[PDB]
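K.L.:
part one of the complex, untouched from its place in the assembly:
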Amino acid sequence: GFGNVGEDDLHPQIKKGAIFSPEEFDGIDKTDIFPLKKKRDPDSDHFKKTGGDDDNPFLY
Amino acid sequence: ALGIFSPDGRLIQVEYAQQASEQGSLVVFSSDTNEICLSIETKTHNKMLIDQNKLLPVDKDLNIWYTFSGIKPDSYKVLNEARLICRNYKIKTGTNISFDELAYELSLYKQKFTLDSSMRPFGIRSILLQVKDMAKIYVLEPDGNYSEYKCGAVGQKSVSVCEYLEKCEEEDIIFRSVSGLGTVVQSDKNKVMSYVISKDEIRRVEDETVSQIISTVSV
Amino acid sequence: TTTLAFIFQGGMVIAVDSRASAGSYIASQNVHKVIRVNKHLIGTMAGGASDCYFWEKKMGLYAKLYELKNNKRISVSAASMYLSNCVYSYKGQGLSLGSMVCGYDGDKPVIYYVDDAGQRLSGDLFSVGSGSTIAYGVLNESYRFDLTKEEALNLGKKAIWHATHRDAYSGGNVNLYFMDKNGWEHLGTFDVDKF
Amino acid sequence: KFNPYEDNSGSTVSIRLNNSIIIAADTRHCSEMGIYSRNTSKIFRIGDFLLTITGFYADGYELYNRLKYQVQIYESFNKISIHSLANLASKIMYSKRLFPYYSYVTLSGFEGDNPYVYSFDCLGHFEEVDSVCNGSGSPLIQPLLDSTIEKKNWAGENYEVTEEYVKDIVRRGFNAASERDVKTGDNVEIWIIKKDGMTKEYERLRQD
Amino acid sequence: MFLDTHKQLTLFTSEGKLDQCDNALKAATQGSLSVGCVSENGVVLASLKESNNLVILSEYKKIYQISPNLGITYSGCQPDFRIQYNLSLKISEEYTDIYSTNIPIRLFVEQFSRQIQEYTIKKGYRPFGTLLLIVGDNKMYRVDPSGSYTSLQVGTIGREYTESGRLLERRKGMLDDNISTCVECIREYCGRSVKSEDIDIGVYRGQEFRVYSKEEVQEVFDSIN
Amino acid sequence: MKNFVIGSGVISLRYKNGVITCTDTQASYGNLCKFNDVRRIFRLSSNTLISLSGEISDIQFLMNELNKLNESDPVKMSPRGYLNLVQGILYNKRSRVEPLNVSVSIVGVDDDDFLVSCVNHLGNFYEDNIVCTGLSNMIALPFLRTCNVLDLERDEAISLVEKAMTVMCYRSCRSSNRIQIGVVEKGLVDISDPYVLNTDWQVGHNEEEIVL
């Protein structure tokens, strides 16, 4: 809840600094393929399996 | 009417509680820098009745003692709250409660029952007593007032005892307390006890001396 | 951060680093990590800047309330116990805190290391913060109870300087205090680059 | 899973001089991957004091409303000092430590003759600063102020600091941020708080 | 002044008596007569039902069952008895939940009497105006508005209680004949000729209490006549 | 945060002496177009319109609260009054970590002052001459901004919004061609009956496919 703000500034670590930092709320030049968050390629368009039984797979 | 003013500006129930606290067995005390002498008188009409000890300890390591005059059952609750205040203060703060803080909190407890409806004032004059660094005696009114007393008396006909103590400025506080008690009580009707509170220690005085000194007053 | 407090024959020394970090970015370089609550009681704040400052200022208000209705200075034990209780009420909620509530109870110096876990220790030498381990090393081989005041101050000043020398989250000015029976005194705001 | 916060660009800079306070902020309101608006003001005023926010714009607006409500309650007797207002802001912010305002508030104003600028974090800690930048562009602008205004690492004789020089430095820093900061805005507000009054200017920034 | 909801309606008089408790006892004493007779083989419990107001006597009941082994009947105002009956059912069901057995007579009477007495100290509340006869476990208990209970061999509540109680002493016997004996006893205290519709009878035999059906009460009266 | 039945997009822009708001009437449950007559443009007053998008249940709840507030107090409200009220409601819901999965656009005119505002599920809000909600914000808004709407008359503004909604239908899964247009001017508030846009789809015809 309190966010452990300052743990790194409080302990020797044998990044929680004393002041809360922005966006607390990789080494590759990636950029994005679409403005949509995770989308990269067309959606998998097929009728998707639902129902049946997953916790009793072998009781056909 | 309860917890409210009267037409003449009087807290009627509070003064009735004061009077009820006056109709109690007389207690007399006197103190010097290093000691207090506390004397209590009790009715001996019943031989089968075993007299209770009226000097009860509030906290034994702080050497705080408690005495009262008035409605006895209320004294039980007030003493319980004194002990609870000491213990809770040590739990919360980690250090012993000072005598003045204990007096203030006990006076607040006393006042609590006079600020509200549906509840009745304690109606007991309660005495807090301590000898750790110096003699100190607090007399707490049923309405929450409290102030230190060098010497005094409380209970049945205690005003005359205080008036006598005003003049009886004798160095020996045992003399002062026992003689002040003797101004009212009757040796045949009243059994008397006397205690000397010293540095973290307590003891009661011999019956012979107290009776002898009491006999010389109100002859 | 690296804070330091210890007791020696002549009194008590307190020293802090005054850097404030927000990750890799150094948000501030001159933050004050000592909360003065009265002339005979101060507290070195380590950990979250807001929560540590907030509860210390909430403790400084309790000390003033105690003084008003007792006409008497609050003891260090009561001041630190009040602080530890407040953070202990939030134990396990991620509250990050660590501070030495130090002062004089009459003629006796006492330092209470209070911690977010509700811990409360009285001792003669404490160091808190990321650079505490470096400070502990410099103090271990040099700290003595028989230090003179100048030796003790330089030891505290130098111990913090070494920690800032070697710790990323420690730097800025070495704030230095000397707490005594007659109250504390802010002995300087020395900049580590000018030693 | 619910994310209660949004980042709405940063780049607010406040510098206190000897006799004036220069506080500037970009006017862009940013979504993820997009620009909600190019004319949203990050700077609010409370009497003779200027408040500026960065981060979640709704949180800053709510905090400003809380401050204004508490200040107008307090003002039943006297005007609130900048120090009292900063302390009240810190208390208000910390009251939400379990659900913090995502706002880097910077409160600046004059206490009589003396300028004061207070910088806050999301959890309420406040300190009196000489120049502070909040938000996304803070790492791109703060070193510029440390070097040119505060003269850190300036071993030789220092160029005298003045209002016209500091405003030039501020516009230079905002140009640099808007160049290398994706979310720094299209126009920059520049307020100049002086002893007896305050005034606002505008400049256009990179708009792509 | 308007009604003080916080007022204590039950207080000691200057003579040491509780003013309102005695009035509640008077209210209970005015109720319809009901009797109980203990025997070496069991306990009988009988009460009279008023036929006025076109009450369906076949459906209206005066003797009630709390548990398989306990029965109860009252003299006084009906609403207070209905509330006390809800309370007693709660008590017995709670005991059965905990221990799984039928509540013993004495434990039930104690737990019930304490909650009855609650209202002699409850602010703004008056005591129940009902006397209760509780029959079970080969014993009888009379419970009064004060919350005071007494085990009895022969007991009466309602009108003509003292003289009926004296008559019950003259009308004891074996349980099988005790039913008719006590029906004769209470036939002396009814304003009109008693039909089987006008009387309820509950008898504790062995290990359970059961209330006679209207047809059984006819059989008891056929023995009477 | 409810994500069951979602309305797709809201487009509202201000033009010469007026304001537009437009939404499709489709409501989707996942990939299923469950309803095609769910109407999300409402009249808040004689000079205000509110269009909503997001979870339909949250839309209905929010409009129910707004209607209660409208019938309760005896004092009229300007469009900015409704903007403040809705922003407060949504921000309170967000701060109680029980947010409404709804984003709305309040548009209205008061004494020749024109309001075009947006409020998202978090209580964040802004005002601009063109505000779009949802995937409209990325698809239709860049296209709408290319036209200086401030100098358009009502017919040109309506045509531009219809073109934007046609682009949304082409390039959005959850957007249909059956739109509803709400217009507010100084002395007019109008919400048209939903009508169907006319599409082309002629680009993929190719040369040698028998058009059927």
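P.N.:
Perfect, I can see it now. Numbering: from 1, shown residues only, chains lettered A, B, ... in the order given.

K.L.:
need the residues of chain F near chain D, please.
P.N.:
F:1, F:87, F:91, F:94-95, F:97, F:99, F:118, F:120, F:122-128, F:137-138, F:141 (Cβ under 8 Å from any Cβ of the partner chain). No exception for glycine: its C-beta is placed from N, CA and C like everyone else's.

K.L.:
and the residue in chain E positioned nearest to chain D, how many neighbours?
P.N.:
For chain E, the residue closest to chain D is residue E:6, as judged by Cβ to the nearest Cβ, at 37.4 Å. Neighbour count for residue E:6, taken as other Cβ atoms under 10 Å in any protein chain shown: 9.

K.L.:
what's the distance between the closest residue in space to it that isn't next to it in sequence and residue D:102?
P.N.:
Residue nearest to residue E:6 in three dimensions, not counting chain neighbours: residue E:123, with 5.4 Å by Cβ to Cβ, 6 or more residues apart in numbering or on different chains. Distance from residue E:123 to residue D:102, counting by Cβ to Cβ, to the nearest Å: 53 Å.

K.L.:
who's more crowded, the two?
P.N.:
Shown here are residue E:123 and residue D:102; by other Cβ under 10 Å, residue D:102 has more neighbours (25 against 12).

K.L.:
what does chain C put close to chain D?
P.N.:
Those residues of chain C that sit near chain D, judged by Cβ under 8 Å from any Cβ, are C:20, C:22, C:25, C:27-28, C:31-32, C:48-51, C:53-54.

K.L.:
tabulate those (TSV), appending secondary structure and distance to chain F.
P.N.:
Shown next, in TSV, are the residues of chain C next to chain D (DSSP: H, G, I helix; E, B strand; the rest coil; distance: Cβ to the nearest Cβ, whole Å):
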residue	secondary structure	distance to chain F
C:20	strand	28
C:22	coil	24
C:25	coil	26
C:27	coil	25
C:28	strand	29
C:31	coil	30
C:32	coil	32
C:48	coil	22
C:49	helix	24
C:50	helix	19
C:51	helix	21
C:53	helix	24
C:54	helix	21
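
K.L.:
could you also fit chain G onto it:
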Amino acid sequence: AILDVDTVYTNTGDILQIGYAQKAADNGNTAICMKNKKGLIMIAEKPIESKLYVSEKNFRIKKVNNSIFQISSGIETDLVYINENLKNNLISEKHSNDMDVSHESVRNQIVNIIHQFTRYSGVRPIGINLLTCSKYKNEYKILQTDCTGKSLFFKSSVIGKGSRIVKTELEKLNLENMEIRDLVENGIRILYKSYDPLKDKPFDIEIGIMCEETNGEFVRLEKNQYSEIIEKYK
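P.N.:
Chain G now in position relative to the chains above:
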């Protein structure tokens, strides 16, 4: 001793405090409500206690919702509480069902909110007569409520001190196929017929109509609409 210390029964079964409340209510300013297939109107006396009051902006008619409005006589401040609670209950009821509150539901709310004042001890009877006009399923009904909470639907009703004279005139009146302006005319005429100048101060008229010409919305007529009628009957 009379047991009027509180809302309790006397030995004859009468609740005296409710009688006193009815005495207070019966001395208020008169309001007349007349209902017809074509619409509903209510007239309200507004005595000129002093010329300093802006009578044209002080309203006796209080709206419960868009379809229910009411007026009271007696201690008219009690209508503040009654109206606030009725509004809170009925707005929520209407919008939680997305349909108008029916006349019977309004009557239920009125009776249940007014009864608790005649039912508890530390409480004071409402002390007002209350007229509640409502529209539901394209029908209009007037609900006249007494201090006891007893509320009945009427074709036309009056409250206030001049009720005794107004009621007979209403009984002489036929409402079927009367235009709304005919209702206004008759209401003003009957109100002035009960003026009794020597005992009551001069008054202004507040008229609120609810008819088809306004699709059933409550409309407070401005003085210029009936100044001619007031001049005719002054």
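
K.L.:
what's residue B:52 sitting at in phi/psi?
P.N.:
phi -80, psi 150 (degrees, to the nearest 10).

K.L.:
burial count for it?
P.N.:
Residue B:52 has 8 neighbouring residues, counting by other Cβ under 10 Å.

K.L.:
do you know how far it is from chain F?
P.N.:
According to Cβ to the nearest Cβ, to the nearest Å, residue B:52 stands 59 Å off from chain F.

K.L.:
what about residue 16, which SS state?
P.N.:
Chain wasn't specified; assuming chain A. coil (DSSP: H, G, I helix; E, B strand; the rest coil).

K.L.:
oops, chain B please
P.N.:
From three-state DSSP, the assignment for residue B:16 is helix.

K.L.:
OK, contacts around the closest residue to residue C:129 other than its chain neighbours?
P.N.:
Distances taken as Cβ to Cβ, 6+ apart put residue C:1 closest to residue C:129, at 3.7 Å, once the chain neighbours are dropped. Neighbouring residues of residue C:1 by Cβ atoms under 8 Å, 6 or more residues apart in numbering or on different chains: A:9-10, A:18, C:16-17, C:19, C:21, C:33, C:46-47, C:128-131, C:169-170.

K.L.:
quick check: closest non-adjacent residue to the residue of chain C found nearest chain G.
P.N.:
Residue nearest to chain G within chain C: residue C:93 (38.0 Å; Cβ to the nearest Cβ). Of all residues not flanking residue C:93 in the chain, residue A:1 sits nearest, at 4.4 Å (Cβ to Cβ, 6+ apart).

K.L.:
before we move on, the earlier item: among the contacts of residue C:1, which are in helices?
P.N.:
If you go by DSSP state H, the contacts of residue C:1 have A:9-10 in helices.

K.L.:
one more chain, chain H:
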Amino acid sequence: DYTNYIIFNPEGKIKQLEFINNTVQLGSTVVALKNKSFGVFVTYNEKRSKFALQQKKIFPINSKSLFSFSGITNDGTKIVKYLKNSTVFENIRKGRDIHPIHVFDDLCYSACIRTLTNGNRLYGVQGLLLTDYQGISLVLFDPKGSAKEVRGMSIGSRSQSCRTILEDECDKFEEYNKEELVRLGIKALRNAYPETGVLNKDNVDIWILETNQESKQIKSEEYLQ
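P.N.:
Placing chain H onto the earlier chains gives this:
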């Protein structure tokens, strides 16, 4: 019997609601005049003793809004705080200014609650709210829970003479200018206070409010000396 608490007397009136009318007459006079374009507050303040500072009976709720009251000053301060809070809420959460009459809706509901039930204390304060809302509007709030718009009013001790002086000229307020309204207010005070010397440059504070303009206190030198 009927004097002490909230109940109808046999004649059908509540005596406490009449006593609050005497209560609201305790404070010093406030005289208020309104014109469509501007409004005036005139007050008489007397130092309670030679060494007491003036109590500043007039309180500005917001720029272009003034409030003043007579009676128990604690209730008046409560109402001042209530109006300030309502101004803040209405400006922020509703994007508008306080409505002169409807801003008092919650306060009127609370006052009605107090007049309907015992235990709660009746408000002993009568207030005047002069605010610019589509023009200058003046509102009189009464402790019974009703706020009514007025052309001009006088509250406080001896306010009936001021009220009649104002009422003799009410129809001409829409034609008077600001100096004329101030003169009429001072005339009303003079009629209430014909004793010379009592009204002076120090005892009278005049507040001016003009539509679309801030409220200002103006010197009383030009009107009394």
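
K.L.:
once more for the neighbour count of residue B:52, now including chain H?
P.N.:
Neighbours around residue B:52, by other Cβ under 10 Å: 8.

K.L.:
residues contacting it?
P.N.:
Going by Cβ under 8 Å, 6+ apart, the list of residues near residue B:52 is empty.

K.L.:
try 10 Å this time
P.N.:
B:42, B:72 (Cβ atoms under 10 Å, 6 or more residues apart in numbering or on different chains).

K.L.:
got it, and residue E:51?
P.N.:
Contacts for residue E:51 (Cβ under 10 Å, 6+ apart) come out as E:57, E:60, E:192, E:195, E:197-198.

K.L.:
before we move on, what about residue B:24?
P.N.:
If you count contacts by Cβ under 10 Å, 6+ apart, residue B:24 has them with B:68-72, B:75, B:123-125, B:154-156, B:158.

K.L.:
any idea how far residue D:27 lies from residue F:84?
P.N.:
From residue D:27 across to residue F:84, the span is 21 Å (Cβ to Cβ).

K.L.:
buried ones among the contacts of residue B:24?
P.N.:
Buried residues within those, counting neighbours by 16 or more other Cβ atoms under 10 Å in any protein chain shown: B:68-71, B:75, B:123-125, B:154-156, B:158.

K.L.:
make JSON lines out of those and add distance to residue E:117 and secondary structure.
P.N.:
Output for the buried ones among the contacts of residue B:24, formatted as JSON lines (distance: Cβ to Cβ, whole Å; DSSP: H, G, I helix; E, B strand; the rest coil):
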{"residue": "B:68", "distance to residue E:117": "33", "secondary structure": "strand"}
{"residue": "B:69", "distance to residue E:117": "35", "secondary structure": "strand"}
{"residue": "B:70", "distance to residue E:117": "31", "secondary structure": "strand"}
{"residue": "B:71", "distance to residue E:117": "26", "secondary structure": "coil"}
{"residue": "B:75", "distance to residue E:117": "29", "secondary structure": "helix"}
{"residue": "B:123", "distance to residue E:117": "28", "secondary structure": "coil"}
{"residue": "B:124", "distance to residue E:117": "30", "secondary structure": "strand"}
{"residue": "B:125", "distance to residue E:117": "36", "secondary structure": "strand"}
{"residue": "B:154", "distance to residue E:117": "39", "secondary structure": "strand"}
{"residue": "B:155", "distance to residue E:117": "37", "secondary structure": "coil"}
{"residue": "B:156", "distance to residue E:117": "37", "secondary structure": "coil"}
{"residue": "B:158", "distance to residue E:117": "41", "secondary structure": "helix"}
